[PDB]
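Notes for the one structure printed next.
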Amino acid sequence: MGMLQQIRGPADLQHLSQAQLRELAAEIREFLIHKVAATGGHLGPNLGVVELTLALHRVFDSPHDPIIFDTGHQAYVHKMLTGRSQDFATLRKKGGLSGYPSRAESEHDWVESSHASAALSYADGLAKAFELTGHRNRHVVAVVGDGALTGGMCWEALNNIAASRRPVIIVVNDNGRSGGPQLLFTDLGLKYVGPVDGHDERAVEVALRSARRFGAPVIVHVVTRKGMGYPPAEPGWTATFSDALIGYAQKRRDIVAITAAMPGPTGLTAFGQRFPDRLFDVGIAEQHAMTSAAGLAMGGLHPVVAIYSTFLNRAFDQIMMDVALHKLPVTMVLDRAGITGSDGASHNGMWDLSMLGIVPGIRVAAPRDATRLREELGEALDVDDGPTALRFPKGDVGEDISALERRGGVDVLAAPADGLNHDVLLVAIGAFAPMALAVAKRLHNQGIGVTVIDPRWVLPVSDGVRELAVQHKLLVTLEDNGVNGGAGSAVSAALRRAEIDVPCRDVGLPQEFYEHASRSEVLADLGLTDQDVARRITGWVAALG
Amino acid sequence: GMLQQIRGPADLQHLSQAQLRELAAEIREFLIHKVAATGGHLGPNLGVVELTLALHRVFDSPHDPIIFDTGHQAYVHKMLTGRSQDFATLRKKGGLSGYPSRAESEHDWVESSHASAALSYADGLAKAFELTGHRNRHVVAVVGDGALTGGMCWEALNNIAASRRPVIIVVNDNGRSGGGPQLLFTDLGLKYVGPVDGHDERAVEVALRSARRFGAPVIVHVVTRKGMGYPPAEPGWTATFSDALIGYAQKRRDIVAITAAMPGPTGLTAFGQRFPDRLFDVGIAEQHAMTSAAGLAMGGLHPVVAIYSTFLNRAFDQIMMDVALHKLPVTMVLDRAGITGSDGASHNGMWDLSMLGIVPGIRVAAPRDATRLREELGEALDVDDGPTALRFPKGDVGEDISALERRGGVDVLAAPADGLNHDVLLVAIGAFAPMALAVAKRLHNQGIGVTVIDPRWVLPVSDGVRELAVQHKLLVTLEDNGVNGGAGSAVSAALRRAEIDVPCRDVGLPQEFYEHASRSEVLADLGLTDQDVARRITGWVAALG
Ligand SMILES: Cc1ncc(C[n+]2csc(CCOP(=O)(O)OP(=O)(O)O)c2C)c(N)n1
Ligand SMILES: Cc1ncc(C[n+]2csc(CCOP(=O)(O)OP(=O)(O)O)c2C)c(N)n1
Ligand SMILES: [Mg+2]
Ligand SMILES: [Mg+2]
C-alpha cells in the first residue's frame, strides 16, 4: 500500500498521473478486501465506488464543496482519502472508526444517519444556507445510490432543487444496471450527464467537471459494479420468521409479503421462491410499502410488511392514516428490533414500541423465542379488523422458554418459590425473557419472590397483567426499547387507568442515540444486565414504604 | 332541475353535451349555496366539476375505483353518487363527511385527508385485483398538482411503471394558468396524455377514454382553475405566532421559516413579505421540510418549520435521524394542535406530544395563551443544541392567564385557598388552562385544594412538576392530545424515574379516531368539560382521602 500510505488528504491526489490513480485504486481494493468482512461489511458497495470516490476528491474541494453520501455505508474510500486509512483496524468496534460518516471524526463528514434517500434534502438545505450566509462558490455534491433514488424524499428534494440555480450536483451511483428506479430521470427538467462508466476514473472526472461548470443543478449518472475487482463480493430469528410465514401462506392464498428493497435480509426471498406472485419489493419506499399494503387489504388480502424496526419510523403516518384509520388487516414484521449495536445510533430498533403505541386499535407482539414467534405470527394473521405488528431482534434465537401456565394470554415463566411472597411482577418484553429469568433468580437469592411474565401481546396491555399486578408490591417492565412511551410506560398507564397504583418502574433503553458497539457492550454500558437490574430492583423493594 | 334526477353515475350516460353544460352550472350554484365560504374547500370542488362529470362518464365506479388524493375535492363525486340531498348536514356531527367515507358509499375508498397517498392505494388495489382475478378493474387516482409534489407519488409511480396493471394517474393541475411540481412528468417512462383543458368536459372524456383503452398505466394531465365560476374563490393563535416570529426575525438574520405548501394558513405569508429570501415553501413535502431544515441548521441557521400537528406524522423519521441525531437547532411550530373537530379523524392534532416524546433530547412547549406563545417561541429560538417544538390549537386566543408565581420553569395559575389542603396538582397542558382553572374553582367550592400549573415546557418534564408533585396527594394531567404516550404518561414516567409514586391520572383524548363534529362537541362527548373533569377528580380524591 506504498502510495495509499502517502495520501494525507484529498489534495495529495491532485497531481497524480492517471497511471498513479490506477495503482492507488488497486491498493484501495487490496486494503478494503483485507480490512472489511467479506459478508455483512458493505465490502461490495465500497469496492463499487473506488474510482467514483477518487474522481469526487479530484474535482471537488471538500469540505468547501460538501460531499454528502446518501446512506453512508459506502463512505469507506472517502474515509481512506480523508486521513483515516490507519483507523480501519478498529472499524465498527466500540471507540473505533464508525461504519458511517461522523462529524466528530472529520470536517469532511456531514451526515451520520444511515436512513437512505435523505442526502438531496440535506444538500438543498445546505445550498440555501450558503446563499443566505453569502459563502461564494460552495458546490454541494450528493452521492445517491440507485436504491436510495427509489425513495420519495429524493423526489421532494429534486423538485425543490430544480426551482433554483443554487449548485447542487446529484451524482447517481447506479449499480442496479450494467434495484433502481423504473422511472426515467433523463428528462425531468434537470440537466442530465451520462450514463458514465463509474470504473473509468477519468470519465467520471470529465462528467463531474461539466457538472461543476454548468452553474446550476445537474444529475451525473454513473454506473458501478457492486464488489468490482473481488469475485466473491461480485438458528436465526429471521429464518424462524421465513419458515413460519411460508407455512401459513401454504394454507392461505390471501397472505402477501412486502419488503422495502430487503427481500434477503427480511427472510422473504424464500417466500418469493414458493409464491413469486405474492412477494412485492417496492424499492427503498417504506411509505409506499405500508400504503400499498392498505390498498392490498382494501382488495381483500392480508399483507405481511417486513421492515426493520428503525426504518418503520418512515411509515408512521401511513400506519396511522392509511392502515389503522381504515381498520385494515396488515401485519408488520419488525426484524432488528432492540439494540443492534455495531451500526450505531440510526440502526438500533429502539423506537417501535413507543411509535406503535400511538396507533389507535393496534395489537403488537414481541416474541420471546422461536415457538412464540410462530404462535404470535399465526395470531396476527387471524386478526382481520386492524393492524398487527411483531418485533424481534437481530441474530440467533436461543432455546424455547416454557411457560408454567397461561393466564388471559399472559405466559407465567417463573413464580415465587414456596416460602417466598409475590413481591415483584417482572414483565419481560420479547427478547429480554432470558435476562428477566436471571434477574428473578438473583432476587430469589435475596428472599425476594418474583413472578416473571411474557405478555406476548404487549399492546394493548392485557387483563392478565392487570390481574397479576394487584397480587404484587412492585411492577418492573424490562424492554429492549426506549423508555419514553415504551412498554413500561404503557403498563403503568394501563394500571393507573384501572385505578391500580402499585409502584411501576420502566427498565429499558434511555431515550438517547448510542455510539456503535456490540449489542452486549451497549447493554452492559447501560446497566441492562441481570446483575445491574437485580441490584436496582433490590433497592426498589428495600425502599417500599 | 337536472341534478335532482341524477340517482348515480349511469344517469349521466345518455346526457347531451348541452345537458352536461346545464348540469355543470347547476352543480356550481349548488356548491356555492351549500358550502361554507371559509374552510369548506369550495374552490377545489368548483375546479373539478367537468373533471368529475368526465370521470363518471368514462369509468364504471366502483368496478373502476375512483380514488381522490386528499379527498377535499370529492363533493361533486358525492353529488353524482346519491348524496346531493345530504349537503344540508355537510361537516356537521352525524352529517355528511367533508371527505370520502366507506360507510357512506360503495363509491368511496380512502377517508384519509393526508395528501399524496392515492397512487400508493391504487398500486395495492390493482395488485389485489390481479391476485384475486377480478377482470378489467381500472384504478383511477385523481392527484392534485400539490399532492404530486409529495414523495409518496414518486414511490408509487416507480412501482406502477413496473407493471401493465391499469392504473390511470389523473393529474388535476390548478398550479399553472404555482404550487405544483417543478419537475417534468411528460417523460418518466409512463404514457402521457395532455395537457387537457379541464373545463372542456368533452376533451377530458376523450383523454380519459384514451387512457382507459391503453392497456397499461397512463398519466392524464388536466389543467383546471381553482374556484372556476366563483370569482371570490379564483385566526388569533396563528396571527400571534406570525407577529411573534416576525418580531424575533427582525433582530436575528439567522431565523428562516419553512412551510409544506401552507404559507397563508401557518401565518408565514406575512414573514415572507418582510423577509422574502428567508421563507421556503417546499410543496406538500413535510419530509423534505424537516431534512432541508437540518441542512440549513448545518449551514449555521435556525429554521422555524411551521407544519400542522397531524401532518408532522409524515416527518417523524426526519425529526429523529436528520435533526435530533445531529443535535441541530430546528424549531417546529405545530398549529391545529389538539381537537380541530369538523375535518374528522385525520385532521385532529392529537398525536404530536406522543410522537415528539420519542425524540432524544427534544424540548416541547404548549402555550396556554398569546403571551406564553411569544415567550416560549423566544425560548425555543435560544435553544442552539437540539430540536424544539411549540404546539397550539386552531382558532382564536382568549385573554392572557396570569401566573401567581414561576417555580422551576412552571407557572402556578392557582393555589389552594388559605385553609384548604394540597389535595390535587392539576397539570394543565397548553390550551386546557381555562378548563383546569374552572375545575379548580368547582373543587374549591367542594373544599378540595388544587394547585393548577402550566409547565410551559411539557417535555422534558421539569424539576418544577417533580417538586410540586411530592406536596400533593394526587396528580392529574389534563391534555388536548391522545393519552397513549402523552403528557400525562410522560409526567408519570418522570415521577417514577425520580422514585415519586404519588398517584397520577392521565386525563386527555382516548387513543381513538374521532368522527367529524365541532371541537366543543368532541370534547363534550369525551367528558373533557370542567364539570365532567371536576367530577372524576372528586371520585379520585374520595378514594385516596
Ligand atoms: C430508509 C432505509 N431503508 C432501508 C435501508 C437499507 N439499505 C441500505 S443500502 C440498500 C439497498 C441499496 O441501496 P443503494 O442506494 O443502491 O446502495 P448500494 O447499491 O451502493 O449499496 C438498502 C435497502 C436504509 N439504509 N434506509
Ligand atoms: C400531508 C399533507 N400535508 C398538507 C395537507 C394540506 N393541503 C390540502 S390541499 C393542499 C394544497 C393543494 O393541493 P392539491 O393537491 O393541488 O389540491 P387542490 O389544488 O385541488 O386543492 C394542502 C397543502 C394535506 N392534506 N396533507
Ligand atoms: Mg445500488
Ligand atoms: Mg392544485
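All Cβ positions, even for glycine, are placed from backbone atoms using ideal geometry, and neighbour counts span all protein chains on display. Numbers and lists here come from the model and the stated rules, or from a named source; nothing here is a laboratory result.
Here are the numbers for this structure:
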| read-out | value |
| --- | --- |
| Criterion (of a type outside the set (D, E, K, R), away from ligand 4 (no atom under 16 Å from the Cβ) and within 22 Å of B:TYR230 (Cβ to Cβ)) met by exactly one of B:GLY43, B:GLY39, B:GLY94 | B:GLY39 |
| Single match in A:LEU334, A:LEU301, A:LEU296, A:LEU325 (criterion: outside the structural domain of A:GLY95 (by TED's automatic domain parsing) and within 21 Å of the chain's Cα centre (by Cα)) | A:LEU334 |
| Test: A:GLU112 is within 11 Å of another protein chain (Cβ to nearest Cβ) and among the charged types (D, E, K, R) | yes |
| Within the range B:147-206, tally of residues that are of a type in the set (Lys, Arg) and within 16 Å of ligand 3 (Cβ to nearest atom) | 0 |
| Lone qualifier among A:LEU437, A:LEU495, A:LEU404, A:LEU413 - being in contact with a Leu (Cβ under 9 Å, 6 or more places away or on another chain) and under 29 Å from B:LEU475 (Cα atoms) | A:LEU495 |
| Residues that are of a type outside the set (A, V, I, L, M, F, W, C) and surrounded by 14 or more Cβ atoms within 10 Å (Cβ to Cβ), drawn from the range B:9-20 | B:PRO9, B:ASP11 |
| Test result for A:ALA207, surrounded by 18 or more Cβ atoms within 10 Å (Cβ to Cβ), among the small types (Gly, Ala, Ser) and farther than 26 Å from A:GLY48 by Cα | no |
| Residues of the range A:208-230 that turn out to be within 16 Å of ligand 3 (Cβ to nearest atom), among the aliphatic types (A, V, I, L, M) and more than 13 Å from A:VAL196 (Cα to Cα), as a count | 1 |
| Residue among B:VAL110, B:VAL143 that is more than 16 Å from ligand 4 (Cβ to nearest atom), of a type in the set (A, V, I, L, M) and assigned by TED's automatic domain parsing to the domain that holds B:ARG209 | B:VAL110 |
| Any hit, the range B:348-363, residues being outside the structural domain of B:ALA294 (by TED's automatic domain parsing) and within 30 Å of B:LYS251 (Cβ to Cβ) | no |
| Contacts under 6 angstrom Cβ, first residue in the range B:155-182 being at the interface with chain A (Cβ under 8 Å from one of its Cβ atoms), partner within 16 Å of ligand 3 (Cβ to nearest atom) and outside any loop (DSSP other than H, G, I, E, B), 6 or more apart | B:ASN158/A:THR150 |
| Residue check for B:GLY486: under 30 Å from A:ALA543 (Cβ atoms) and within 23 Å of the chain's Cα centre (by Cα) | yes |
| Residue in the range A:185-202 that is over 28 Å from A:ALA261 (Cβ atoms) and more than 16 Å from ligand 4 (Cβ to nearest atom) present | yes |
| Residues being away from ligand 3 (no atom under 12 Å from the Cβ), farther than 20 Å from A:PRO217 by Cα and either among the β-branched types (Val, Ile, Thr) or assigned to a loop (DSSP other than H, G, I, E, B) (or both) - total across the range A:54-75 | 2 |
| Cβ-Cβ under 8 Å pairs, at least 6 apart or on other chains, the range B:223-235 side within 25 Å of B:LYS394 (Cα to Cα), far side more than 16 Å from ligand 3 (Cβ to nearest atom) and polar (S, T, N, Q) | B:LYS226/B:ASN174 |
| Number of positions in the range A:67-90 that are in contact with a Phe, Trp or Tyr (Cβ under 8 Å, 6 or more places away or on another chain) and among the hydrophobic types (A, V, I, L, M, F, W, C) | 5 |
| Enumerated helices (runs of 4 or more DSSP H) restricted to the range B:259-366, each holding at least 2 residues that are within 16 Å of ligand 1 (Cβ to nearest atom) | B:286-298 |
| Among (1) surrounded by fewer than 24 Cβ atoms within 10 Å (Cβ to Cβ); (2) away from chain B (no Cβ under 14 Å), the one test that A:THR331 misses | (1) |
| Residue identified as surrounded by fewer than 24 Cβ atoms within 10 Å (Cβ to Cβ), facing chain B (nearest Cβ under 9 Å), more than 23 Å from A:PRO393 (Cα to Cα) and more than 16 Å from ligand 4 (Cβ to nearest atom) among A:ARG252, A:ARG278, A:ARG274 | A:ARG278 |
| Of residues in the range B:91-109 being in contact with a helix residue (DSSP H, G or I) (Cβ under 9 Å, 6 or more places away or on another chain), more than 12 Å from every other protein chain (Cβ to nearest Cβ) and among the charged types (D, E, K, R), the one surrounded by the most Cβ atoms within 10 Å (Cβ to Cβ) | B:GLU104 |
| Test: residue in the range A:516-528 that is surrounded by fewer than 23 Cβ atoms within 10 Å (Cβ to Cβ), part of a helix (DSSP H, G or I), over 24 Å from the mean Cα position of the chain (by Cα) and more than 10 Å from every other protein chain (Cβ to nearest Cβ) | no |
| Condition broken by B:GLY344, with the remaining ones in (1) crowded, with 24+ Cβ neighbours inside 10 Å; (2) over 25 Å from B:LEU279 (Cβ atoms); (3) within 13 Å of chain A (Cβ to nearest Cβ) satisfied | (1) |
| Qualifying position, being farther than 25 Å from B:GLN511 by Cβ and either over 28 Å from the mean Cα position of the chain (by Cα) or not small (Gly, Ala, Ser) (or both), among A:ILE429, A:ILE500, A:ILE453, A:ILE448 | A:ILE448 |
| Top-ranked residue in the range A:500-512 [being facing chain B (nearest Cβ under 7 Å) and outside any strand (DSSP E or B); ranked as farthest from B:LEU544 (Cα to Cα)] | A:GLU512 |
| Failed condition for B:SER462, given (1) among the polar types (S, T, N, Q); (2) out of contact with any strand residue (DSSP E or B) (no Cβ under 7 Å at 6 or more places or on another chain); (3) more than 21 Å from A:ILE500 (Cα to Cα) | (2) |
| Residue ID - nearest to ligand 1 (Cβ to nearest atom), chosen from residues in the range A:52-68 that are under 28 Å from the mean Cα position of the chain (by Cα) and farther than 17 Å from B:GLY295 by Cβ | A:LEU52 |
| Residue count, the range A:126-154 (criterion: more than 11 Å from chain B (Cβ to nearest Cβ) and among the β-branched types (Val, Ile, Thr)) | 3 |
| Qualifying residue in the range B:115-124 (condition: away from every other protein chain (no Cβ under 14 Å), farther than 21 Å from B:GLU515 by Cβ and not in a loop (DSSP other than H, G, I, E, B)) | no |
